[PDB]
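Scroll down for the structure; my scribbles are underneath it.
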Amino acid sequence: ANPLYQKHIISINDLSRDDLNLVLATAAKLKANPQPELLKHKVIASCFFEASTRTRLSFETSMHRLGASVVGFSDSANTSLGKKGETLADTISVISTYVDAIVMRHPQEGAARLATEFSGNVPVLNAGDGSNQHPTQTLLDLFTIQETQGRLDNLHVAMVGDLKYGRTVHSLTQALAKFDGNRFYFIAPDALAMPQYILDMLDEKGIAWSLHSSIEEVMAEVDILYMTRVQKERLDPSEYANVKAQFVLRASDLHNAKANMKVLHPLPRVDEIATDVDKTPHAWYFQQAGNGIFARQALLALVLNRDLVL
Amino acid sequence: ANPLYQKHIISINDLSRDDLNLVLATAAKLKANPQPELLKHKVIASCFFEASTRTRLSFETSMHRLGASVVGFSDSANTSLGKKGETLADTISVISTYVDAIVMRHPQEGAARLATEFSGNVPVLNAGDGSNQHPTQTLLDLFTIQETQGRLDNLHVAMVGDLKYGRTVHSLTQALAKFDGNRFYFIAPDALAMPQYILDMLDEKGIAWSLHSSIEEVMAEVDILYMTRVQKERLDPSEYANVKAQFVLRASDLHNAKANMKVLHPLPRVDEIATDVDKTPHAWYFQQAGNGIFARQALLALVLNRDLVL
Amino acid sequence: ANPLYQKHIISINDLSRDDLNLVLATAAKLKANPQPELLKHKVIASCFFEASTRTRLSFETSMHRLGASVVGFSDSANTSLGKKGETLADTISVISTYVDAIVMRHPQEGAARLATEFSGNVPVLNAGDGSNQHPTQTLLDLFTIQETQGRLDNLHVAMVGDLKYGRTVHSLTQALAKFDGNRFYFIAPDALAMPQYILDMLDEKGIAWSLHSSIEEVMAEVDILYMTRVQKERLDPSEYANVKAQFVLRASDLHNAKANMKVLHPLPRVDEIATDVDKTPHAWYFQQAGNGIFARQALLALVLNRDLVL
Amino acid sequence: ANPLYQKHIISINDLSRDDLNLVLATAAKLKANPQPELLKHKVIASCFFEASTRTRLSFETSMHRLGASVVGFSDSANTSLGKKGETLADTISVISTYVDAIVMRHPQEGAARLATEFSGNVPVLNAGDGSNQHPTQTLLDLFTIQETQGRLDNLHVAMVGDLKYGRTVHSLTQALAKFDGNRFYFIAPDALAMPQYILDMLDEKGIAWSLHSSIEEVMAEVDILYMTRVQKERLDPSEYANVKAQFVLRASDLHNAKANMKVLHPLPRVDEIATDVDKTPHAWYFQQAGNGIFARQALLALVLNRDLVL
Amino acid sequence: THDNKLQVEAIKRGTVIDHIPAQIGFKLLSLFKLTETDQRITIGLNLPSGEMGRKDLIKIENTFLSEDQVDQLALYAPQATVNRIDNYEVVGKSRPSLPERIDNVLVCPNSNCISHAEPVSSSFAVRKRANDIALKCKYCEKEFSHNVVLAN
Amino acid sequence: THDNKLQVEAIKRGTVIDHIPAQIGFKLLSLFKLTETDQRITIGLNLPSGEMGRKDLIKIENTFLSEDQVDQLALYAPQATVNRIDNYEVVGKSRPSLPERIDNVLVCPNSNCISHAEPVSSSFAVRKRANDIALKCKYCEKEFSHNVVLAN
Ligand SMILES: Nc1ccn([C@@H]2O[C@H](COP(=O)(O)OP(=O)(O)OP(=O)(O)O)[C@@H](O)[C@H]2O)c(=O)n1
Ligand SMILES: Nc1ccn([C@@H]2O[C@H](COP(=O)(O)OP(=O)(O)OP(=O)(O)O)[C@@H](O)[C@H]2O)c(=O)n1
Ligand SMILES: O=C(CP(=O)(O)O)NCCNC(=O)CP(=O)(O)O
Ligand SMILES: O=C(CP(=O)(O)O)NCCNC(=O)CP(=O)(O)O
Ligand SMILES: O=C(CP(=O)(O)O)NCCNC(=O)CP(=O)(O)O
Ligand SMILES: O=C(CP(=O)(O)O)NCCNC(=O)CP(=O)(O)O
Ligand SMILES: [Zn+2]
Ligand SMILES: [Zn+2]
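Chains as they are written, first to last, in the authors' numbering: chain A, 1 to 310; chain A', 1 to 310; chain C, 1 to 310; chain C', 1 to 310; chain D, 2 to 153; chain B, 2 to 153. A prime marks a further copy of an entry chain.
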C-alpha cells in the first residue's frame, strides 16, 4: 500500500520529508483531478471535543468531496461520551467500533496520541490537541508554500505575531526544517518570541534565523510572510496597544515586496492584516484556507485507500 | 412485506419473541454481508430532543452504513421546534412531511408513542423516552447475548447495579422473559432493587430469580453478567461509599467465571468496571456497543425496506 | 462565664441536654425581654458559601435584633475567597482576623468543623454543612416543641416524609433522645425510611419507636407532628406520584388531634401540607420559623457574652 | 482639618510620603484605641462593579468598626445601574446624592478617577480599577511593613512571583520609593519580570535594585519577602510547570532568615507558599490581611472627619 | 519463630515489630513513614513463622514506640508483637490494643467530606463492633465500617 | 552481606540491589512495587558503607531483573550494583545505565496533558543533556528537566 495507508496522523514530528512530499503531491493530483467516489462507503467520525468551526467545516467538506459519510459532534459543553465522567479511552473504544477513521480536536495535549491506543485498526487524524500539534494546518501551509513558490527548500520565510504560543508556527518551522537551505526571520514582541527550543533545533541543523523588530527590515527579501493572531487575552490591554504596530500589516508595507511574495495567516486575521491587503497579489490567506480541502483530502485518501490510483 | 415493514418501534412490550428473533437474524446477516446501498434515497431524521452522543452516533452510523441520508438535531437547550412553545405533536406533524423515518430520544415518557400519532405514514423509532423504553439498546443487548452464548433460552443471567431506575435492565429482563428457562440473579443495594412489578411479571411466567448481595455468590454459574451505572447523583455520597463495593467488578472477581461468561454494560462504566477487566476474554461491553450498529441497521432495514432480500 | 461562652456551635452531637436547655431558656428570656444593644459593636460574618435565603435572613435578623453589624456573602458563583483554588482554611484564617463570629453554611460535610481549626479565638456557628448538621434549625425546633408542649420529655413525636435524607429530622431525633420517655412514630415510604443508624441509636437507649403507614394510626396520641419535604429530585416522577398520598396532610386529617398537638415543618412545604391546615389551631410552621430568631439570638448572645443579665 | 479630609483616594501616585505616614499613624492609633462611633450616621456605598469578596468584606468591616451604615452591590450581572448602556458617570451622579462616601472596585482603568468628576462633594475611594491602582492594598502593605519593621526607610525588600502583571507590587514599589535607602530584589521568571518603567523610575531616584534567580540569594539579608500569585491563566500549563519551583516558598527556605524578617502575600496564595510556612514566626500574610481593617478604617476616618481626636 | 539460617542480627537499642501479617509490613512502613529517619532499619517480608505460615518483621534502632503508637498498628497487625530496647535485650513486649482514635493515615470514604481538599489531617473515632470496627470521621461525622475505610 | 559483628543475612538465589544511596531504598520499593510478591524479601536501610557512609540494600529471593529493569534504577540509584545470586554465590554484577524510556513511574508536569485523567501508563523518552536528563512526554510531547518531573 502507499506509505501512509492505515497510519495515524498525530504529529508533524512523526512525518518524514518524504511523507510530507507524498501528501502534497497527492493534494495537487486531487486538486487537478477530483475523485468524488474514492471513499464511497467509508464512514468518518468528525469528533470536535473542542469546537472549531473553520477546521471542522474544512475537514468535513474534504470527507464529502471523496464521497465518504460523516458522523460526529462539537462544542463538548459536556458531551457525556467525551468529557463528563467517561474516559477519552472509553469514548474512543466505542467510536472505533462504528467508523473507518477518526478526526479529532481536543483541548488537552496528547489526546490524539491517546486515542490511537484505544482505536484498534481505526486510524486517527489529529485536528488539534491543545498547544501541541495541528498537523493538517501545517500540511495545508506547506502545500500553499510549495504551490506558490515552486518548492520547499531555499526559501526566505518570515513568521510574525505570537511565535511563543502559536502551535501552528512551531510546527511549520519544524516542517520547513526537514527541508534544505531555508532561512527564517522572526518578528515578534519580546513577550512572545519564538521559543528557545525551536531555536536550538535550528542551530543543531545548522539552519539560519534572525530576530527583527518589524516587517520592513525584512520585507524585501521574503518569499513568505506568515502572520499569526496575537491573542489579545494574553497581554495587558496597554501592553497590546504599545506593541501591536510592529505586528500588523497594511498594503503600504508591501511597496517593497518581491513579486513572488505571498502573505499567509492561519486565520482569523482581523487585528493583524488590514483589509486593504486583500486586493494585493500578495494576499493569499483565503487561497491558503481553500488549500486545506486539498491537503485534508490527500490525507484521508492516503490513509483510507490502499494504493493511490492517482 | 416483512413483519416489521413500516412499523413503529416504540416499546419492547409491543415486540413478540418472533419480532426479536427476526431483528437479530437480520442483524447477523448485515454483519456478515453489508448492504451499503439498501436505503439509498431514504432520508432519516435523527431527532435528539435529549442529547445522547453515544446513541446518536451509533444510530447515525447505522443509517449511513445502509446508504441513507440524515438530517437532525440534539441538545434541545431550547430548539423552538421541539420544546419551546410548539407542541411535540406539531413538531412531528412538520418533520413527518420531510423524512422517511424518525429516530427520536426525548426526556418525557411516551414521547415516541405520541409522535406515532402525528407522523402519518412515517415510522418512528424510539431511541429513549424518559425512564420508559429504549428498545434498540435491548435489541443490541439480546443480539450480543445470542451471539456469544449461542441462544436466548436457558441462560443464567446476572444483573448488577441500579436495578431500580435502570430502564435498560427493566426491558432486557422483559425481553428475556419472552424466552424459556432463563434464570435471573439480581445483585443490588436495597435502595436500588429490581422493582416489584418486574418480579411479579416473572413469578406469573413461572420464571426463576434470586437476590444476592454480591457477585461472588453467583459468579460461577453465570453466562451473562450485565452491569449498570449506579447514578451517584441519586445516592448520598456516604451512602454510595458504603455500598459501592458490592456493585463493582475487578478482574480478580473473575477467577471463578465460566469460560463462556461475558460481561456487558450499556455504558458509560467507570465507576463499576475496573479497567483491568478490559483485557480478560470476559470483557465484552465494547463489542456490545459495536453490535449496536448491526442491531440498529437491522431495525432500519426491516422498517424501511419491504422485503428483506437477506 | 456561661457554658457556651466563646464555644463553637457545630453539631448537635456536641451539645448536652443542659446546653440545649440553656439555649432554650435564653431564647424564652430574649423573646420576652429583648436586648437590642447586647451585641452593639460586634461585627458578624454571615458566610453562605451555599446560598440559603430563609436561613440567612433569619440568622441576620437575629444579629440585628441584638445590635450587631453584619458583613457577608451568599453562593460562591459570586465570591473570590476560594474560587480558583484558595482553600476554605485560608478563607477562614482571613475572615477570622476581621469579625467577632462566623456564621457559615457550606455544601461539604465537615466545613464548619474545619473552620474552627483555623478561626483562632473566633467562634464558628454552623448554619448547615452538606448532609451532616444544622444545629440552629434543631435548636429552633426544640424551642418550638418546648414552648408549645411545655417539655422535651415524655412526648409522642411523629416524623413524616423523607426520613432517609432529611438532616433536619436526624438531628431532631438525636436531640430529643437526650431527654427521657420520648416515643417516636415514623411514617415514610419504604424508599425514604428513617435510617438504621438512628434506629440503632434509639434501641441502644431504650427509646420506643415504631413505623406506620399513615398519619391516621397515630393522630390520636401525637403531640408533635413533624412534616418534612420529600426530595422528589432523587425520586422517579411516577414513584413519587404513587406514595405521595401517604405523606400529605389535609385539615380533615386533624379531626381527632389532641388539643395541644402541633404541626411543624422546616419549610418549604408545598405538596406536603395543604393550605387548609394553615387556619387550624394546630398549624405551627410559621410560628416555628419565627422562633428561629429567638433561638438564633440566644445562641449568638451565649457565645459572645460571658454572662447574660437576663 | 487634616490633609486627607474630603479628599478622593484614587492613586498611590497622588499620595505624598507625609500622606502615607498620616494614614499609617492613624491606623496604629485606631488599632490601639478603637472608635466604634466615629462615623455613626454616615452611610457609605460599597460599589463592587467588579466582585471581590476579600476586599469588600475587609472594607465593609472597616466601615462597621467605625459605626457607619453600608449599602452597595457586587458584580454587575446583578446590577441595573449601568447594565444596558447607563454610563458610569450617571451611575455616580445618582449614588453620590445618597451616600457620604463611595468605595468602588471596577474592571476598567480610570473608573475611580472618572467617578470623582461626577460625585460632587462626595469622596471616592478606589478599591481597584483594572490593572491600574489599588491604593488601600498598598496602604495595608505599608502599614504591615512599618509595624513589623518599625520603618519604611532603609529596608531590603524582595518581590517574588508575577512582577509583570501584579498591580499590587508595582504600587508598593512606587510607594516604597517615596522613602529613602530602600533596596529591591526582584525574583521572577523572565516572562513575568518587573516592568522596565518601574526599573526606570527606580533608576531615576538612585534606588538600588537587582534581579535574582532564587530566594536563596537574598534570604540572609531580606527584611520583607513579598510573594505574589502567578497569573498562570496567561501562561502555558507546561511553561508554568517549568519555572514554578523558583517562585514557591517552603519553610526550609527560611533557615537563614533574619529574626525580623516577614513573609507577606496579598492572597490568595496556593501554589506559592507551602502550608508548612504558616507556623514559622515569619509567616505574616494573615496578620497582613487583618491589617487591611486598620488601614481601611484610617482612610475612611481621615477623609470623613475634619480632625481626629486620636 | 527463630531461624536456623541467615536471618537478622539484633542490635543494642531500638524496637522490633514482629508477627506482622504478610503484605502489611510495607504498608506499615509507608503509612507510618517509618523510613523517614537516619537510624538503621532492618526489614523482613514474607518470612516463615510457626503460627501464620508467612509473616513480616521490622527492626528500627534507637527508636521507641509509645503504647499509643503501638496501638496505631492495631488495624493492620492486630496480633503483632512490638518488642523494645537496650543493651541487646528485650526489656519490653506489647501487643497492639485498638485505640480510641486513629489520625493521619486513613482517608474518609465520603467524597463530599471537606477533609479531601484541605490542609487537615484525617481523624476517626474507633468503635469495636461484632464482626468489624466502626470508624467515624471527625469532619463529616459519618461512620463507616473499617472494611470500607481501609478499602483501597 | 551486611557484616558488622554478629548475625549476617545471605540468600540462596535471587537478586541483591546494593549501594542504593540513602533515602532511596524505600522509594525504589514504592515506585517499583517490589514487595507485591510472596517471595522472601530482606531490606537494610541507612546501613554503614565507607564506599560513602550510608546506604540502602535490597534482597529479593527467586527474582531476577532484566538489564532493562536494572536501567529503570538509573534516575534514582545511578551508582548501585545489582547482584544475581544462585546457589549462594554471586554469578552476576551489573550497574544501571540510562534507559531510552521511563514508563509508569514518572508523572507528566504539564497539568493539561491527557495522561492524567486516563488509563494509560506514563512514558517519557530519555535524553541525557550533558548536565541533566531531558524527559519528553510520549503524549503531550513536551520536554522537561528530570529535576522538574521528579519534583512531582
Ligand atoms: N536483641 C534482640 C532481641 C530480640 N530481637 C527480635 O525481637 C523478637 C523477640 O523474639 P523472642 O524474645 O526470641 O521470643 P519469640 O520466640 O519471638 O516469641 P514472641 O515472637 O511471641 O515474642 C524477635 O523478632 C527477635 O528476633 C532482636 O531483633 N534483637
Ligand atoms: N548468597 C549471597 C551472596 C551475596 N549476597 C550479597 O551480595 C552483595 C555483594 O557481594 P559481593 O559482590 O560478592 O562482594 P562486594 O564486596 O559486596 O562487592 P562490592 O564492593 O562491589 O559491593 C552483598 O551485599 C551480599 O550481602 C547475598 O545477599 N547473598
Ligand atoms: O484551527 C483553527 C480553527 P479555530 O479553533 O476556530 O481557530 N484555525 C487555524 C488557526 N490555528 C491555530 O492553532 C489557532 P486556533 O487556536 O484559533 O485554532
Ligand atoms: O442511551 C445511552 C446514551 P447516554 O444518554 O449518553 O447514556 N447509553 C446507554 C445506557 N442506557 C441508559 O438508559 C442509561 P442513560 O440514561 O445514560 O442513556
Ligand atoms: O436547609 C435550610 C436552609 P433553606 O434552603 O432556606 O431551607 N434550612 C433548614 C431546613 N431543613 C430541612 O431539612 C428542609 P430542606 O431539605 O428544604 O433544607
Ligand atoms: O485584588 C484584590 C481583590 P481580591 O480579588 O479579593 O484579591 N485584592 C488585592 C490583591 N492584589 C493582588 O495583586 C493579588 P490578585 O492578583 O489575586 O488580586
Ligand atoms: Zn469525612
Ligand atoms: Zn505529558
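A virtual CB, placed ideally from N, CA and C, is assigned to each residue, including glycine.
Check: Does A:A191 have its Cβ less than 8 angstroms from a Cβ in chain C'?; Outcome: yes
Check: Checking contacts by CB at 8 angstroms: is residue 163 of chain D closer than that to chain A'?; Outcome: What is shown of chain D runs 2 to 153, which leaves residue 163 of chain D out entirely.
Check: Can you list, in chain order, the residues of the region 242 to 254 of chain C' whose Cβ is nearer than 8 angstroms to any Cβ on chain B?; Outcome: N242 and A245
Check: Under 8 angstroms, CB to CB, which of the residues in the region 62 to 92 of chain A' have a partner in chain C?; Outcome: none
Check: Using beta-carbon positions only, say whether C':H170 and C':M227 come within less than 8 angstroms of one another.; Outcome: no
Check: With contact counted as at least three CB pairs below 8 angstroms, one residue from each stretch, are the region 39 to 56 of chain D and the region 35 to 48 of chain B in contact?; Outcome: yes
Check: Using 7 angstroms as the cut-off, classify the Cβ of D:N84 as near or not near the heavy atoms of ligand 1, replying yes or no.; Outcome: yes
Check: Going along chain C', which residues have a C-beta under 7 angstroms from A:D236?; Outcome: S131 and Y165
Check: Would B:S98 be called buried (16 or more neighbouring beta carbons within 10 Å of its own) or exposed?; Outcome: exposed
Check: In terms of residue numbering, what span does the beta strand (DSSP E) encompassing A:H106 cover?; Outcome: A101 to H106
Check: Could you work out which residues of chain C' lie near C:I95, taking near to mean beta carbons separated by less than 7 angstroms?; Outcome: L57
Check: List the residues of chain A that A':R54 touches, going by C-beta distances under 9 angstroms, in chain order.; Outcome: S80, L81, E86, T91, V94 and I95
Check: Could you work out which residue in C:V43, C:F294 and C:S252 is closest to C:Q137 when comparing CA atoms only?; Outcome: C:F294
Check: If the criterion is Cβ atoms closer than 8 angstroms, does the pair A':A27 and A':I44 meet it?; Outcome: no
Check: List, in chain order, every chain C residue whose beta-carbon is nearer than 7 angstroms to that of C':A51.; Outcome: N78 and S80
Check: Is B:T2 near B:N84, with beta carbons less than 8 angstroms apart?; Outcome: no
Check: As a quick exercise: from A':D129, A':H134, A':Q108 and A':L114, pick the residue whose alpha carbon is nearest that of A':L15.; Outcome: A':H134
Check: Tell me, please, which residues DSSP counts as bridged to A:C47.; Outcome: A:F73 and A:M104
Check: Between the region 24 to 36 of chain D and the region 54 to 68 of chain D, are three or more C-beta pairs nearer than 8 angstroms?; Outcome: yes
Check: So what does C':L125 bridge to, in DSSP terms?; Outcome: C':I9 and C':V103
Check: For D:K143, is the beta carbon positioned less than 7 angstroms from some heavy atom of ligand 7?; Outcome: yes
Check: So, does the CB of B:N148 fall closer than 8 angstroms to a CB anywhere in chain A?; Outcome: no
Check: CB A':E272 to CB A':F247, shorter than 8 angstroms?; Outcome: yes
Check: Note the first and the last residue of the continuous alpha helix (DSSP H) segment covering C':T91.; Outcome: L88 to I95
Check: For C:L125 and B:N148, what's the separation of their Cα atoms in angstroms?; Outcome: 46 angstroms
Check: Name the chain C residues whose beta carbon is nearer than 8 angstroms to that of D:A131?; Outcome: Simply none; closest approach about 13 angstroms.
Check: Smallest Cα separation from C':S46: which of C':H106, C':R151, C':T168 and C':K232?; Outcome: C':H106
Check: Which class does residue 311 of chain C' belong to by DSSP, given the choice of helix, strand or coil?; Outcome: Outside the displayed span of chain C' (1 to 310) sits residue 311 of chain C', for which this structure offers no information.
Check: The region 46 to 57 of chain D: which residues have C-beta closer than 8 angstroms to a C-beta of chain B, in chain order?; Outcome: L46, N47, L48 and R55
Check: Within 10 angstroms of the Cβ of C:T280, are there 16 or more other Cβ atoms? Answer buried if so, exposed if not.; Outcome: exposed
Check: Using the Cα positions of B:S116 and A:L114, report the straight-line distance between them to the nearest angstrom.; Outcome: 8 angstroms
Check: Would a C-beta distance cut-off of 8 angstroms place A:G72 and B:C141 closer than the cut-off?; Outcome: no
Check: Would a check of beta-carbon distances place D:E10 closer than 8 angstroms to chain B?; Outcome: yes
Check: Are the region 94 to 106 of chain A and the region 151 to 171 of chain A touching, with three or more C-beta to C-beta distances below 8 angstroms?; Outcome: no
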